[PDB]
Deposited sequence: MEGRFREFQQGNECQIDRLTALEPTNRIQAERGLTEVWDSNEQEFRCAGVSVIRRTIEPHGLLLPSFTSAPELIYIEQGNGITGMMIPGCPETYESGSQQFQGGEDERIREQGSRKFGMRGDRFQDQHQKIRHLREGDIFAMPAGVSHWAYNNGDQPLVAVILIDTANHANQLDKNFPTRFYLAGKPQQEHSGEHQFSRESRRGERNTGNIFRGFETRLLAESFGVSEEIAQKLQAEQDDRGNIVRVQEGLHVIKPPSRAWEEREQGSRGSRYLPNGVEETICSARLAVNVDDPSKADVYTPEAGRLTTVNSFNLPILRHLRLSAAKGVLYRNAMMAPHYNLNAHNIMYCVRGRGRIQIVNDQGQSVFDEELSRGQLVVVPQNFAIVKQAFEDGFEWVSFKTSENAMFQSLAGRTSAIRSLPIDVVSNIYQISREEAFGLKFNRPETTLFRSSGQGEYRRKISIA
């Protein structure tokens, strides 16, 4: 078939499946939605209650994680990295709100909310990544403990699969304890309640996009845009993903722009925006308001404008390539302004002075203060 990107209708998408576990919630968007198929990604949102432990798992696809809310810690068990010092374990890293974290394909990991508010992560799973060599339709997830529900469609964690004897032998451990590995008798789900706890090897593997000094774009009382790519997060050189966080203040807008190289899974973090998206046909495929917890998939090259309402509008964009670049159509550093004025007047059939105003009437860069 291969026509999933012939899109004339996009939708504000919300999770269509829930997975309730003892200490957390996993909400799964519908990966069958055409625009997800086009983008080749899946999105989940996990809400881990305080003292909740997301059991160790891995997925064949790389993930881009935004910590929407809360703080906690994630342990990554990267093969080959140094033990640490009783007890030994690999580097524990901290998760905080505003954090954009990169999970390389196959890397096993667990998370724990050691904070007071629920820990909330919005996870892009890039099933179409070159790194994912399993199926492209749905993420494949392998758990290392518990008896977790399938997240994307007689089952258990990978240990349940092995002959119990082999397990016991493997760990130099009793059979009875091996059965604990297999968690055949476990009903807690993928996020369990705990009490308390207590170069890739050394990098943070994250950058906090709430750090206003890191913004690439600010416009006085318009807002800011903060990019995560291969320069501030070098691992993204390997994942070939990037990300951005945007804040639009009351009635501010992001000029119509298109992303050159990447699909943009724009998740609304807070506020509300009139979002309009146009396809290659010059047809609007989207003209709706996005608010908390909704996302829209902006396909590569699809033109888009974001107009904040009175409460502003804030989003994280997961981008399906390395150093995704976009181009504003209006403003300073825009397609129009890059056009020689004669080209502008000629292509739009307007005066050299109408052209001028078309080019320069908008002095802001990318983010504008607007009236609502």
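Engineer: If a residue lacks a C-alpha atom here, it counts as unmodelled; so which stretches of the deposited sequence fall into that category?
Structural biologist: Comparing the full sequence with the modelled residues, the uncovered ranges come out as 1-9, 95-124, 193-206, 248, 253-280, 455-465.
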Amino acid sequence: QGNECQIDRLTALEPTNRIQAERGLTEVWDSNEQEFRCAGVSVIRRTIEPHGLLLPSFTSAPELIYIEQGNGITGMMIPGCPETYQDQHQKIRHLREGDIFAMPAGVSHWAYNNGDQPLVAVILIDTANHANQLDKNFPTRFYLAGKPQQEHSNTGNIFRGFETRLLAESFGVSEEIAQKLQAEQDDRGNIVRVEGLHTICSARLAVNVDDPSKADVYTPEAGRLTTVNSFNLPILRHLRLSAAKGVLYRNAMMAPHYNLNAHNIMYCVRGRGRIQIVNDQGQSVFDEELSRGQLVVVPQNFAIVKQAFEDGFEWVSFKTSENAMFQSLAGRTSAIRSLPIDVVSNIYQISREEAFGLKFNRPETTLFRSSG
From here on, numbers count along this sequence of modelled residues.
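Engineer: Regarding 94-102 and 217-225, which shows the higher C-alpha temperature factor on average in the entry?
Structural biologist: Per the PDB record, 217-225.
Engineer: Of 355-363 and 6-14, which one has the bigger average CA B-factor?
Structural biologist: For C-alpha atoms only, the mean B-factor is higher in 355-363.
Engineer: When the CA B-factors of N232, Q185, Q133, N264 are compared as recorded in the entry, which is the largest?
Structural biologist: Largest recorded C-alpha B-factor: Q185.
Engineer: Between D280, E163, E151, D126, which one tops the list for C-alpha B-factor in the PDB entry?
Structural biologist: Among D280, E163, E151, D126, the highest C-alpha B-factor in the entry belongs to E163.
Engineer: Using the B-factor values recorded in the entry, state whether the Cα atom of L241 falls in the lowest, middle or highest third among the modelled residues of its chain.
Structural biologist: For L241, whose C-alpha B-factor we compare with every modelled residue in the chain, the answer is the lowest third.
Engineer: Could you tell me which third, lowest, middle or highest, the C-alpha B-factor of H257 occupies within its chain?
Structural biologist: For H257, the deposited C-alpha B-factor lands in the middle third.
Engineer: Thinking about Cα B factors across the chain, which third does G40 belong to?
Structural biologist: Lowest third - that is where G40 ends up once the chain's C-alpha B-factors are sorted.
Engineer: By the recorded C-alpha temperature factor, relative to the other modelled residues in its chain, which third is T333 in?
Structural biologist: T333: CA B-factor falls in the highest third of its chain.
Engineer: Sorting the chain's modelled residues by C-alpha B-factor, tell me whether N346 ends up in the lowest, middle or highest third.
Structural biologist: For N346, whose C-alpha B-factor we compare with every modelled residue in the chain, the answer is the highest third.
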